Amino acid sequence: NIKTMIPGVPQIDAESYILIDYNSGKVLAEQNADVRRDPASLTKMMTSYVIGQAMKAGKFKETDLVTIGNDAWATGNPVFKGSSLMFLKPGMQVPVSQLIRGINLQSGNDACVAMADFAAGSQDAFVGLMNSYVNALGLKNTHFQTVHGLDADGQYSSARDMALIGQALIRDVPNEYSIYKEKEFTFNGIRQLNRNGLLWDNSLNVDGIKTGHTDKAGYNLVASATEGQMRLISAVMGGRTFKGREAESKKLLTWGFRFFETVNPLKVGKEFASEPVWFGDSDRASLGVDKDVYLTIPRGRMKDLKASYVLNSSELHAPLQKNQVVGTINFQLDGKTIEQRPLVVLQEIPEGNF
């Protein structure tokens, strides 16, 4: 009963939450995780993601100077009233490094317009890109309308999608992601503190991601944390109270690390299985995966993990292409299959030539 226990999830005082394993993508806990909600400042995670995808493609550098236009003039645009700001003025020339820190650390909305026109030529075009990446990551409950998330009556996202946005940030744009852990940065003689106060929590290894609050939206946080071979990501949306912002998230992460652990049973290219092949330049095919397998399993249960496979066809016939799917690897715990991955041919086997 102890071996096969399922941990109860704690009460979370928020309208929605999810908790995923970053490597495996396993959902450990969820409530209302697809309901569409105002993402407030969590919108700047996608802003960040586009920018980081542009810098990864070499379009521009941290040291490049961005010239501030009228549209990014903090006190020239009452849409910015009450919101986090760098206090950019036109004709300023700010390094990219300083503007993307404004966005990330500070959620400065003025810095969002500066960076959108710089990377994409207009805000409208940049939002084009934001929604393109919403399509490419396969999010079913997310839509953006503005670069900052202000003035967007018809923008939305969800706990799940915002978690998946964090996974993508981490996975796809790691130099962009590694800015979120920075506790402070300085612009124009003022020091600016990162608003993610879980960074200062000495029990966990928090290094991201994004905080957010409006009266309509409540308190939002997307956090990520590590414990050696394990990274978790939580999205809490509509946090109902102040301070509970960080606390409810801390609950979820701590719980996930106490009750679960992530394992890597098999990496790309490593032979899991071997089967006879007909008509080849070799008598046998090497079978494995085309992508490292990460599984989230109850903590401590690595020793009981079993793996077996099934095959689609009675016989393999050459030519076999690289990463041709020939079957399925089953990972089992207590005699029940918990996870499945495709079985693929690791190395091409063309028809025999003599």
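Residues carry their position along the shown sequence, with the first being 1. Note that the rigid core is defined as the largest set of C-alphas that superpose within 1.5 Å between two forms.
**Student:** If you line up the core and then measure how far each C-alpha sits from this form in 5 other deposited structures of this protein, which stretch comes out higher, 335-343 or 21-29?
**Tutor:** The more displaced stretch in 5 other deposited structures of this protein turns out to be 335-343.
**Student:** For a rigid core alignment of each structure in 5 other deposited structures of this protein onto the shown form, which stretch has the higher root mean square Cα deviation: 150-158 or 188-196?
**Tutor:** Of the two stretches, the larger average C-alpha offset in 5 other deposited structures of this protein falls on 150-158.
**Student:** Name the higher of the two by mean Cα B-factor in the PDB entry, 39-47 versus 285-293.
**Tutor:** Per the PDB record, 285-293.
**Student:** Hey, which bit's got the bigger mean C-alpha B factor in the entry, 272-280 or 141-149?
**Tutor:** Mean C-alpha B-factor is greater for 272-280.
**Student:** Going by the deposited entry, which of 126, 156, 87, 259 has the highest CA temperature factor?
**Tutor:** Highest CA B-factor of the listed options: 87.
**Student:** Just grab whichever of 166, 121, 239, 212 has the top CA B-factor as deposited.
**Tutor:** Among 166, 121, 239, 212, the highest C-alpha B-factor in the entry belongs to 239.
**Student:** By the record's CA B-factor, is residue 334 among the lowest, middle or highest third of residues in the chain?
**Tutor:** Its C-alpha B-factor belongs to the highest third of this chain's values.
**Student:** Considering every modelled residue of the chain and its Cα B-factor in the PDB entry, is residue 304 in the lowest, middle or highest third?
**Tutor:** Top third by C-alpha B-factor.
**Student:** Split into thirds by Cα B-factor across the chain's modelled residues, where does residue 23 land: lowest, middle or highest?
**Tutor:** Lowest third - that is where residue 23 ends up once the chain's C-alpha B-factors are sorted.
**Student:** Taking only the Cα B-factors deposited for this chain, tell me whether residue 229 sits in the lowest, middle or highest third.
**Tutor:** For residue 229, whose C-alpha B-factor we compare with every modelled residue in the chain, the answer is the highest third.
**Student:** What third of its chain's C-alpha B-factors does residue 315 belong to: lowest, middle or highest?
**Tutor:** Ranked within chain, residue 315 CA B lands in the middle tercile.
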